[PDB]
file coords06.cif (mmCIF, N, CA and C atoms)
data_start
loop_
_atom_site.label_atom_id
_atom_site.label_comp_id
_atom_site.auth_asym_id
_atom_site.auth_seq_id
_atom_site.Cartn_x
_atom_site.Cartn_y
_atom_site.Cartn_z
N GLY A 1 -86.43 38.07 -17.87
CA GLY A 1 -84.99 38.00 -17.83
C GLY A 1 -84.47 36.59 -18.05
N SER A 2 -83.66 36.10 -17.12
CA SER A 2 -83.10 34.76 -17.22
C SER A 2 -82.47 34.54 -18.59
N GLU A 3 -81.92 35.61 -19.16
CA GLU A 3 -81.29 35.53 -20.48
C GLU A 3 -79.78 35.78 -20.37
N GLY A 4 -79.01 34.70 -20.47
CA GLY A 4 -77.56 34.82 -20.38
C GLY A 4 -76.84 33.61 -20.95
N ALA A 5 -75.71 33.85 -21.60
CA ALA A 5 -74.93 32.78 -22.19
C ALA A 5 -73.48 33.20 -22.39
N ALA A 6 -72.59 32.22 -22.54
CA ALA A 6 -71.18 32.48 -22.73
C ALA A 6 -70.82 32.48 -24.22
N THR A 7 -70.26 33.59 -24.69
CA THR A 7 -69.87 33.72 -26.09
C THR A 7 -68.78 34.77 -26.26
N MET A 8 -67.96 34.59 -27.29
CA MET A 8 -66.87 35.53 -27.57
C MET A 8 -67.38 36.73 -28.35
N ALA A 9 -68.70 36.89 -28.40
CA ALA A 9 -69.32 38.00 -29.12
C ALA A 9 -70.03 38.94 -28.16
N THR A 10 -70.10 40.22 -28.53
CA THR A 10 -70.76 41.22 -27.70
C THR A 10 -71.13 42.45 -28.52
N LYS A 11 -72.23 43.09 -28.15
CA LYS A 11 -72.70 44.28 -28.85
C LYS A 11 -73.18 45.34 -27.86
N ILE A 12 -73.63 46.47 -28.38
CA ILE A 12 -74.12 47.56 -27.54
C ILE A 12 -75.34 48.23 -28.17
N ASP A 13 -76.32 48.55 -27.34
CA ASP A 13 -77.54 49.20 -27.81
C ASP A 13 -77.33 50.70 -27.98
N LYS A 14 -76.23 51.06 -28.63
CA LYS A 14 -75.91 52.46 -28.86
C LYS A 14 -77.16 53.33 -28.82
N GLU A 15 -78.19 52.90 -29.55
CA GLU A 15 -79.45 53.64 -29.58
C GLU A 15 -79.98 53.89 -28.17
N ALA A 16 -80.22 52.81 -27.44
CA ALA A 16 -80.73 52.91 -26.07
C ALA A 16 -79.69 53.53 -25.15
N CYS A 17 -78.42 53.21 -25.39
CA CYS A 17 -77.33 53.73 -24.58
C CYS A 17 -77.28 55.25 -24.65
N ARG A 18 -77.03 55.78 -25.84
CA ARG A 18 -76.96 57.22 -26.04
C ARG A 18 -78.04 57.94 -25.23
N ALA A 19 -79.25 57.40 -25.26
CA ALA A 19 -80.36 57.98 -24.52
C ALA A 19 -80.03 58.14 -23.05
N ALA A 20 -79.59 57.05 -22.42
CA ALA A 20 -79.24 57.06 -21.01
C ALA A 20 -78.08 58.01 -20.75
N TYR A 21 -77.04 57.92 -21.58
CA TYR A 21 -75.87 58.77 -21.43
C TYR A 21 -76.24 60.24 -21.56
N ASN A 22 -77.40 60.50 -22.15
CA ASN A 22 -77.87 61.87 -22.33
C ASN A 22 -78.73 62.31 -21.15
N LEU A 23 -79.66 61.45 -20.75
CA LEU A 23 -80.55 61.74 -19.63
C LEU A 23 -79.77 62.30 -18.45
N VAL A 24 -78.46 62.05 -18.44
CA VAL A 24 -77.60 62.53 -17.36
C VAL A 24 -76.69 63.65 -17.85
N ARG A 25 -76.22 63.53 -19.09
CA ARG A 25 -75.34 64.54 -19.67
C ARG A 25 -76.07 65.87 -19.85
N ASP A 26 -77.39 65.79 -20.03
CA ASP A 26 -78.20 66.99 -20.21
C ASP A 26 -78.21 67.84 -18.94
N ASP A 27 -78.53 69.12 -19.10
CA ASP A 27 -78.57 70.04 -17.96
C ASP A 27 -79.33 69.42 -16.79
N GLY A 28 -80.62 69.17 -16.99
CA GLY A 28 -81.43 68.59 -15.95
C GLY A 28 -82.56 67.73 -16.50
N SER A 29 -82.22 66.54 -16.98
CA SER A 29 -83.21 65.63 -17.54
C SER A 29 -83.82 64.76 -16.45
N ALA A 30 -83.72 65.21 -15.20
CA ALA A 30 -84.27 64.47 -14.07
C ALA A 30 -83.46 63.21 -13.80
N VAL A 31 -82.19 63.23 -14.21
CA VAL A 31 -81.31 62.09 -14.01
C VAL A 31 -79.86 62.53 -13.87
N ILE A 32 -79.16 61.95 -12.89
CA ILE A 32 -77.76 62.29 -12.65
C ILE A 32 -76.87 61.07 -12.82
N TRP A 33 -77.46 59.88 -12.70
CA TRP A 33 -76.72 58.64 -12.84
C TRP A 33 -77.47 57.65 -13.73
N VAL A 34 -76.74 56.69 -14.29
CA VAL A 34 -77.34 55.69 -15.16
C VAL A 34 -76.45 54.45 -15.26
N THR A 35 -77.07 53.28 -15.19
CA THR A 35 -76.33 52.02 -15.28
C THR A 35 -76.60 51.32 -16.60
N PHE A 36 -75.61 50.57 -17.08
CA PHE A 36 -75.74 49.85 -18.34
C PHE A 36 -75.39 48.37 -18.16
N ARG A 37 -76.42 47.54 -18.00
CA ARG A 37 -76.22 46.11 -17.82
C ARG A 37 -76.45 45.36 -19.12
N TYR A 38 -76.13 44.06 -19.12
CA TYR A 38 -76.30 43.23 -20.30
C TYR A 38 -77.66 42.54 -20.30
N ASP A 39 -78.23 42.36 -21.48
CA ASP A 39 -79.53 41.72 -21.62
C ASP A 39 -79.42 40.46 -22.48
N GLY A 40 -78.19 40.03 -22.74
CA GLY A 40 -77.98 38.84 -23.54
C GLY A 40 -77.00 39.08 -24.68
N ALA A 41 -75.73 39.28 -24.34
CA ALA A 41 -74.70 39.52 -25.34
C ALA A 41 -74.87 40.89 -25.99
N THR A 42 -75.49 41.81 -25.26
CA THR A 42 -75.72 43.16 -25.76
C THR A 42 -75.94 44.14 -24.62
N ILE A 43 -75.02 45.10 -24.49
CA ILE A 43 -75.11 46.10 -23.43
C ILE A 43 -76.34 46.99 -23.62
N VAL A 44 -77.14 47.11 -22.57
CA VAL A 44 -78.35 47.92 -22.61
C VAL A 44 -78.55 48.69 -21.31
N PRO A 45 -79.08 49.91 -21.42
CA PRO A 45 -79.33 50.78 -20.26
C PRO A 45 -80.14 50.07 -19.18
N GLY A 46 -79.49 49.80 -18.04
CA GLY A 46 -80.16 49.13 -16.95
C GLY A 46 -81.03 50.07 -16.14
N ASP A 47 -80.54 50.47 -14.97
CA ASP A 47 -81.28 51.37 -14.09
C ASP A 47 -81.00 52.83 -14.46
N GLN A 48 -81.77 53.74 -13.87
CA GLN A 48 -81.61 55.16 -14.13
C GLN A 48 -82.39 55.99 -13.12
N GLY A 49 -81.78 57.09 -12.67
CA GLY A 49 -82.44 57.95 -11.71
C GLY A 49 -81.54 59.09 -11.25
N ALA A 50 -82.10 59.99 -10.44
CA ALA A 50 -81.34 61.12 -9.93
C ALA A 50 -80.79 60.84 -8.54
N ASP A 51 -81.37 59.84 -7.87
CA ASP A 51 -80.94 59.47 -6.53
C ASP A 51 -79.78 58.49 -6.59
N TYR A 52 -78.58 58.98 -6.29
CA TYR A 52 -77.38 58.14 -6.32
C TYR A 52 -77.56 56.91 -5.43
N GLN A 53 -78.39 57.04 -4.40
CA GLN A 53 -78.65 55.94 -3.48
C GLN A 53 -79.40 54.82 -4.18
N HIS A 54 -80.07 55.15 -5.28
CA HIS A 54 -80.84 54.17 -6.04
C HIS A 54 -79.93 53.35 -6.95
N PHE A 55 -78.81 53.95 -7.35
CA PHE A 55 -77.85 53.28 -8.22
C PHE A 55 -77.04 52.25 -7.45
N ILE A 56 -76.55 52.64 -6.28
CA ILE A 56 -75.76 51.75 -5.45
C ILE A 56 -76.58 50.55 -4.99
N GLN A 57 -77.90 50.71 -4.98
CA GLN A 57 -78.80 49.64 -4.57
C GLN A 57 -78.98 48.62 -5.69
N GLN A 58 -78.28 48.84 -6.80
CA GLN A 58 -78.36 47.93 -7.94
C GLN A 58 -77.06 47.14 -8.10
N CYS A 59 -75.95 47.76 -7.73
CA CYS A 59 -74.64 47.12 -7.83
C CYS A 59 -74.40 46.18 -6.65
N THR A 60 -74.26 44.89 -6.94
CA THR A 60 -74.03 43.89 -5.91
C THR A 60 -72.97 42.88 -6.34
N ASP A 61 -72.62 41.97 -5.44
CA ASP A 61 -71.63 40.95 -5.73
C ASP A 61 -72.21 39.87 -6.64
N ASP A 62 -73.44 40.07 -7.08
CA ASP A 62 -74.11 39.12 -7.96
C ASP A 62 -74.50 39.77 -9.28
N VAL A 63 -73.84 40.88 -9.60
CA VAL A 63 -74.12 41.60 -10.84
C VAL A 63 -72.95 42.51 -11.21
N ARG A 64 -72.85 42.83 -12.50
CA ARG A 64 -71.79 43.70 -12.99
C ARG A 64 -72.26 44.53 -14.17
N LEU A 65 -71.93 45.82 -14.16
CA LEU A 65 -72.33 46.72 -15.23
C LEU A 65 -71.71 48.10 -15.03
N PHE A 66 -71.82 48.95 -16.06
CA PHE A 66 -71.27 50.30 -16.00
C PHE A 66 -72.27 51.26 -15.37
N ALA A 67 -71.76 52.36 -14.82
CA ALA A 67 -72.62 53.36 -14.20
C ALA A 67 -72.12 54.77 -14.51
N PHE A 68 -72.81 55.44 -15.43
CA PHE A 68 -72.44 56.80 -15.83
C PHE A 68 -73.08 57.83 -14.90
N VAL A 69 -72.27 58.46 -14.07
CA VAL A 69 -72.76 59.47 -13.14
C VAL A 69 -72.15 60.84 -13.43
N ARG A 70 -72.95 61.88 -13.26
CA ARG A 70 -72.49 63.24 -13.51
C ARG A 70 -71.96 63.88 -12.23
N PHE A 71 -70.83 64.58 -12.35
CA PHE A 71 -70.22 65.23 -11.20
C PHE A 71 -69.79 66.66 -11.55
N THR A 72 -70.45 67.63 -10.94
CA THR A 72 -70.14 69.04 -11.18
C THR A 72 -68.77 69.40 -10.63
N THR A 73 -67.79 69.49 -11.52
CA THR A 73 -66.43 69.83 -11.12
C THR A 73 -65.97 71.13 -11.77
N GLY A 74 -66.93 71.93 -12.23
CA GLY A 74 -66.61 73.19 -12.87
C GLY A 74 -66.90 74.38 -11.98
N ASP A 75 -65.95 74.72 -11.11
CA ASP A 75 -66.11 75.85 -10.20
C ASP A 75 -65.03 76.90 -10.45
N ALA A 76 -64.04 76.55 -11.27
CA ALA A 76 -62.95 77.46 -11.59
C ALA A 76 -63.34 78.40 -12.72
N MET A 77 -63.35 77.88 -13.94
CA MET A 77 -63.70 78.67 -15.12
C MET A 77 -65.13 78.40 -15.55
N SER A 78 -65.35 77.24 -16.16
CA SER A 78 -66.68 76.86 -16.63
C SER A 78 -67.40 76.01 -15.59
N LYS A 79 -68.68 75.75 -15.82
CA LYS A 79 -69.48 74.95 -14.91
C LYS A 79 -69.83 73.60 -15.53
N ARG A 80 -69.06 73.21 -16.54
CA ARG A 80 -69.29 71.94 -17.22
C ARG A 80 -68.99 70.76 -16.29
N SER A 81 -69.40 69.57 -16.71
CA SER A 81 -69.18 68.36 -15.92
C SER A 81 -68.18 67.44 -16.60
N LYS A 82 -67.67 66.47 -15.84
CA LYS A 82 -66.70 65.52 -16.37
C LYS A 82 -67.26 64.10 -16.33
N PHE A 83 -68.21 63.87 -15.43
CA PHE A 83 -68.83 62.55 -15.28
C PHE A 83 -67.77 61.47 -15.08
N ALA A 84 -68.20 60.22 -15.13
CA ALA A 84 -67.29 59.09 -14.95
C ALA A 84 -68.02 57.76 -15.11
N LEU A 85 -67.48 56.90 -15.97
CA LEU A 85 -68.08 55.59 -16.21
C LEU A 85 -67.72 54.61 -15.11
N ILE A 86 -68.57 54.52 -14.10
CA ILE A 86 -68.34 53.61 -12.98
C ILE A 86 -68.61 52.17 -13.37
N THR A 87 -67.55 51.43 -13.67
CA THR A 87 -67.68 50.03 -14.06
C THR A 87 -67.76 49.12 -12.84
N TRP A 88 -68.98 48.69 -12.51
CA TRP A 88 -69.20 47.81 -11.37
C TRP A 88 -69.05 46.35 -11.76
N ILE A 89 -68.47 45.55 -10.86
CA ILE A 89 -68.27 44.13 -11.12
C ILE A 89 -68.34 43.32 -9.83
N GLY A 90 -69.49 42.70 -9.58
CA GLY A 90 -69.66 41.91 -8.38
C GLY A 90 -68.38 41.21 -7.97
N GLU A 91 -68.06 41.27 -6.68
CA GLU A 91 -66.86 40.64 -6.15
C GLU A 91 -67.05 39.14 -6.00
N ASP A 92 -68.17 38.64 -6.52
CA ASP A 92 -68.48 37.21 -6.44
C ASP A 92 -68.55 36.60 -7.84
N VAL A 93 -68.86 37.43 -8.83
CA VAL A 93 -68.96 36.96 -10.21
C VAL A 93 -67.72 36.16 -10.61
N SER A 94 -67.87 35.33 -11.63
CA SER A 94 -66.77 34.50 -12.11
C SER A 94 -65.68 35.36 -12.73
N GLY A 95 -64.43 34.98 -12.48
CA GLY A 95 -63.31 35.73 -13.02
C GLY A 95 -63.58 36.26 -14.42
N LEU A 96 -64.04 35.37 -15.30
CA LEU A 96 -64.34 35.75 -16.68
C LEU A 96 -65.10 37.07 -16.72
N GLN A 97 -66.33 37.05 -16.22
CA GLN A 97 -67.17 38.24 -16.20
C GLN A 97 -66.34 39.49 -15.90
N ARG A 98 -65.41 39.36 -14.96
CA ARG A 98 -64.55 40.48 -14.58
C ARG A 98 -63.51 40.75 -15.66
N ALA A 99 -63.01 39.68 -16.28
CA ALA A 99 -62.00 39.81 -17.33
C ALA A 99 -62.63 40.27 -18.64
N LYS A 100 -63.94 40.06 -18.77
CA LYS A 100 -64.66 40.45 -19.97
C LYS A 100 -65.31 41.82 -19.80
N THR A 101 -66.18 41.93 -18.79
CA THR A 101 -66.87 43.19 -18.52
C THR A 101 -65.95 44.38 -18.77
N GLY A 102 -64.68 44.23 -18.42
CA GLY A 102 -63.72 45.30 -18.61
C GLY A 102 -63.40 45.53 -20.08
N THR A 103 -63.30 44.45 -20.84
CA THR A 103 -62.99 44.54 -22.26
C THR A 103 -64.15 45.16 -23.03
N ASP A 104 -65.37 44.77 -22.68
CA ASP A 104 -66.56 45.30 -23.34
C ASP A 104 -66.69 46.80 -23.11
N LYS A 105 -65.80 47.35 -22.30
CA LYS A 105 -65.82 48.77 -21.99
C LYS A 105 -65.67 49.60 -23.27
N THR A 106 -64.87 49.10 -24.21
CA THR A 106 -64.64 49.79 -25.47
C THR A 106 -65.96 50.07 -26.18
N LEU A 107 -66.97 49.27 -25.89
CA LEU A 107 -68.28 49.43 -26.51
C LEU A 107 -69.06 50.57 -25.85
N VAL A 108 -69.15 50.53 -24.53
CA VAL A 108 -69.86 51.56 -23.77
C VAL A 108 -69.21 52.92 -23.96
N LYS A 109 -67.89 52.93 -24.14
CA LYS A 109 -67.15 54.17 -24.34
C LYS A 109 -67.55 54.84 -25.65
N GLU A 110 -67.86 54.03 -26.66
CA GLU A 110 -68.26 54.55 -27.96
C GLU A 110 -69.27 55.68 -27.80
N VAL A 111 -70.17 55.53 -26.83
CA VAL A 111 -71.20 56.54 -26.58
C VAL A 111 -70.72 57.57 -25.55
N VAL A 112 -70.01 57.09 -24.53
CA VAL A 112 -69.50 57.96 -23.49
C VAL A 112 -68.05 58.37 -23.77
N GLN A 113 -67.88 59.57 -24.31
CA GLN A 113 -66.55 60.08 -24.63
C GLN A 113 -66.30 61.42 -23.94
N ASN A 114 -67.36 62.20 -23.77
CA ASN A 114 -67.25 63.50 -23.13
C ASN A 114 -66.91 63.35 -21.65
N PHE A 115 -67.30 62.22 -21.06
CA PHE A 115 -67.03 61.96 -19.66
C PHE A 115 -65.55 62.15 -19.34
N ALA A 116 -65.16 61.75 -18.13
CA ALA A 116 -63.77 61.87 -17.70
C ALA A 116 -63.02 60.55 -17.89
N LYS A 117 -63.41 59.55 -17.11
CA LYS A 117 -62.78 58.23 -17.19
C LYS A 117 -63.67 57.16 -16.57
N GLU A 118 -63.36 55.90 -16.86
CA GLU A 118 -64.13 54.78 -16.33
C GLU A 118 -63.56 54.31 -15.00
N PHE A 119 -64.42 54.26 -13.98
CA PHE A 119 -64.00 53.82 -12.65
C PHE A 119 -64.41 52.37 -12.40
N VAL A 120 -63.43 51.47 -12.46
CA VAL A 120 -63.69 50.05 -12.24
C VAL A 120 -63.69 49.72 -10.76
N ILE A 121 -64.89 49.60 -10.19
CA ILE A 121 -65.03 49.28 -8.77
C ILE A 121 -65.59 47.87 -8.58
N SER A 122 -65.14 47.20 -7.52
CA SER A 122 -65.59 45.85 -7.23
C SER A 122 -66.25 45.78 -5.85
N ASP A 123 -65.96 46.77 -5.02
CA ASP A 123 -66.53 46.83 -3.68
C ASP A 123 -67.42 48.06 -3.52
N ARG A 124 -68.66 47.84 -3.08
CA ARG A 124 -69.61 48.92 -2.89
C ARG A 124 -69.00 50.04 -2.04
N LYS A 125 -68.19 49.65 -1.06
CA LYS A 125 -67.54 50.61 -0.18
C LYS A 125 -66.81 51.68 -0.98
N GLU A 126 -66.60 51.41 -2.27
CA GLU A 126 -65.91 52.35 -3.14
C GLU A 126 -66.90 53.07 -4.05
N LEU A 127 -68.10 52.50 -4.18
CA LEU A 127 -69.13 53.09 -5.02
C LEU A 127 -69.63 54.41 -4.43
N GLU A 128 -69.28 54.65 -3.17
CA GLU A 128 -69.70 55.87 -2.49
C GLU A 128 -69.39 57.10 -3.34
N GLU A 129 -70.43 57.69 -3.92
CA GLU A 129 -70.27 58.87 -4.76
C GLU A 129 -69.22 59.81 -4.18
N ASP A 130 -69.10 59.81 -2.85
CA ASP A 130 -68.13 60.66 -2.18
C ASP A 130 -66.71 60.34 -2.64
N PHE A 131 -66.39 59.06 -2.69
CA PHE A 131 -65.06 58.62 -3.11
C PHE A 131 -64.83 58.92 -4.59
N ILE A 132 -65.89 58.78 -5.39
CA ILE A 132 -65.80 59.04 -6.82
C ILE A 132 -65.38 60.48 -7.09
N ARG A 133 -66.08 61.42 -6.46
CA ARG A 133 -65.79 62.84 -6.63
C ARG A 133 -64.29 63.11 -6.46
N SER A 134 -63.76 62.74 -5.30
CA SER A 134 -62.35 62.94 -5.01
C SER A 134 -61.49 62.61 -6.22
N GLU A 135 -61.83 61.51 -6.90
CA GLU A 135 -61.08 61.08 -8.07
C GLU A 135 -61.13 62.15 -9.17
N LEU A 136 -62.34 62.63 -9.47
CA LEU A 136 -62.52 63.65 -10.49
C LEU A 136 -61.89 64.97 -10.07
N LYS A 137 -61.93 65.24 -8.77
CA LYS A 137 -61.35 66.47 -8.23
C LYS A 137 -59.91 66.65 -8.70
N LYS A 138 -59.22 65.54 -8.92
CA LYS A 138 -57.84 65.57 -9.38
C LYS A 138 -57.73 65.13 -10.83
N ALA A 139 -58.61 64.21 -11.23
CA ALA A 139 -58.61 63.70 -12.59
C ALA A 139 -57.20 63.65 -13.17
N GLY A 140 -56.26 63.15 -12.38
CA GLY A 140 -54.88 63.06 -12.82
C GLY A 140 -54.28 61.69 -12.57
N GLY A 141 -53.45 61.23 -13.51
CA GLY A 141 -52.82 59.93 -13.37
C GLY A 141 -53.56 58.85 -14.13
N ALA A 142 -52.82 58.08 -14.92
CA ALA A 142 -53.42 57.00 -15.70
C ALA A 142 -52.63 55.70 -15.54
N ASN A 143 -53.29 54.58 -15.79
CA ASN A 143 -52.65 53.27 -15.67
C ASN A 143 -51.67 53.04 -16.82
N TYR A 144 -52.19 52.99 -18.04
CA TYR A 144 -51.36 52.77 -19.22
C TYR A 144 -50.39 51.61 -19.00
N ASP A 145 -50.74 50.74 -18.06
CA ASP A 145 -49.90 49.58 -17.75
C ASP A 145 -50.53 48.30 -18.28
N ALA A 146 -49.74 47.52 -19.01
CA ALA A 146 -50.22 46.27 -19.58
C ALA A 146 -49.06 45.42 -20.10
N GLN A 147 -49.36 44.19 -20.49
CA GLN A 147 -48.34 43.28 -21.01
C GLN A 147 -48.83 42.58 -22.27
N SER A 148 -47.94 42.43 -23.24
CA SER A 148 -48.28 41.77 -24.50
C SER A 148 -48.03 40.27 -24.42
N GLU A 149 -47.96 39.75 -23.19
CA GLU A 149 -47.73 38.33 -22.98
C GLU A 149 -49.03 37.61 -22.66
#

call {"tool": "encode", "arguments": {"input": "coords06.cif", "output": "structure tokens"}}
result
Amino acid sequence: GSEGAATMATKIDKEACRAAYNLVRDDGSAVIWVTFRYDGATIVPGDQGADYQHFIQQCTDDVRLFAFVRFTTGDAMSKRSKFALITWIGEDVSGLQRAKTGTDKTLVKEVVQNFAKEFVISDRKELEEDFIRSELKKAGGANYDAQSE
């Protein structure tokens, strides 16, 4: 590791990404969650597993990355899933990382489109899969708030 630098450039391992986004999107590929961290100006599939407790053990105030988790919210008509791109961002990382990590989201989204929405969390207390579900349970309301200044 020990590979990191500041640059106005960024890419995504679509190839490696798609794989991770699938290992969870699939019926039962032995995976329900997946994280996507950077390996040097390029987003790449970080951790992966079926134990949600294993994912939260990766997100800390000294790291930031996305986390695609599957959530079964199909009990009405279909049994399909909506998932959610959990964007983690250490509450200690430099403002930039937080101001950037969010922008690079457009890259990770390229692969994750079937999901529901990206959940930008900064405190583990919110990473609680329990809190995430509630969000999908309603999957209503959007920010759409910004300024051109």

call {"tool": "closest_residue", "arguments": {"input": "coords06.cif", "among": "A:35, A:27, A:71, A:42", "to": "residue 129 (chain A)", "atoms": "only C-alpha atoms"}}
result
A:71

call {"tool": "atom_distance", "arguments": {"input": "coords06.cif", "atom1": "atom C of residue 10 (chain A)", "atom2": "atom C of residue 59 (chain A)"}}
result
22.4 Å

call {"tool": "closest_residue", "arguments": {"input": "coords06.cif", "among": "A:111, A:84, A:147, A:100", "to": "residue 127 (chain A)", "atoms": "only C-alpha atoms"}}
result
A:84

call {"tool": "residues_near_point", "arguments": {"input": "coords06.cif", "point": "(-68.2, 46.2, -13.1)", "cutoff": "6.5 Å", "atoms": "only N, CA and C atoms", "output": "number ranges by chain"}}
result
A: 63-66, 86-90, 101, 120-122

call {"tool": "axis_aligned_box", "arguments": {"input": "coords06.cif", "around": "region 135-144 of chain A", "padding_each_side": "6 Å", "output": "lines of an AutoDock Vina configuration file"}}
result
center_x = -56.5
center_y = 59.1
center_z = -13.1
size_x = 24.1
size_y = 27.0
size_z = 24.3

call {"tool": "select_by_dssp", "arguments": {"input": "coords06.cif", "residues": "region 4-142 of chain A", "states": "strand (DSSP E or B)", "output": "PyMOL selection string"}}
result
chain A and resi 11-12+33-38+42-49+64-69+72+81+84-89+118-121

call {"tool": "resolve_selection", "arguments": {"input": "coords06.cif", "expression": "the PyMOL selection byres ((chain A and resi 46-54) around 8)", "output": "list in words"}}
result
residues 17, 20, 29, 30, 31, 32, 33, 34, 35, 36, 37, 38, 43, 44, 45, 55, 56, 57, 58, 59, 66 and 129 of chain A

call {"tool": "closest_atom_pairs", "arguments": {"input": "coords06.cif", "of": "region 9-105 of chain A", "to": "region 131-142 of chain A", "cutoff": "12 Å", "atoms": "only C-alpha atoms", "output": "tab-separated table"}}
result
residue	atom	partner	partner_atom	distance
A:52	CA	A:132	CA	11.6
A:67	CA	A:132	CA	11.5
A:68	CA	A:132	CA	11.4
A:69	CA	A:132	CA	9.4
A:70	CA	A:133	CA	9.6
A:71	CA	A:133	CA	6.8
A:72	CA	A:133	CA	8.8
A:73	CA	A:137	CA	6.7
A:74	CA	A:137	CA	9.7
A:75	CA	A:137	CA	10.7
A:76	CA	A:137	CA	11.6
A:81	CA	A:136	CA	9.8
A:82	CA	A:136	CA	7.5
A:83	CA	A:136	CA	8.0
A:84	CA	A:136	CA	8.0
A:85	CA	A:132	CA	10.3
A:86	CA	A:132	CA	8.6
A:87	CA	A:132	CA	11.7

call {"tool": "atom_distance", "arguments": {"input": "coords06.cif", "atom1": "atom N of residue 92 (chain A)", "atom2": "atom C of residue 62 (chain A)"}}
result
7.0 Å

call {"tool": "atom_distance", "arguments": {"input": "coords06.cif", "atom1": "atom C of residue 108 (chain A)", "atom2": "CA of residue 26 (chain A)"}}
result
17.1 Å

call {"tool": "closest_residue", "arguments": {"input": "coords06.cif", "among": "A:99, A:22, A:41, A:109", "to": "residue 7 (chain A)", "atoms": "all atoms listed in the file"}}
result
A:41

call {"tool": "select_by_dssp", "arguments": {"input": "coords06.cif", "residues": "chain A", "states": "alpha helix (DSSP H)", "output": "PyMOL selection string"}}
result
chain A and resi 14-25+52-56+95-101+105-111+124-127+129-138
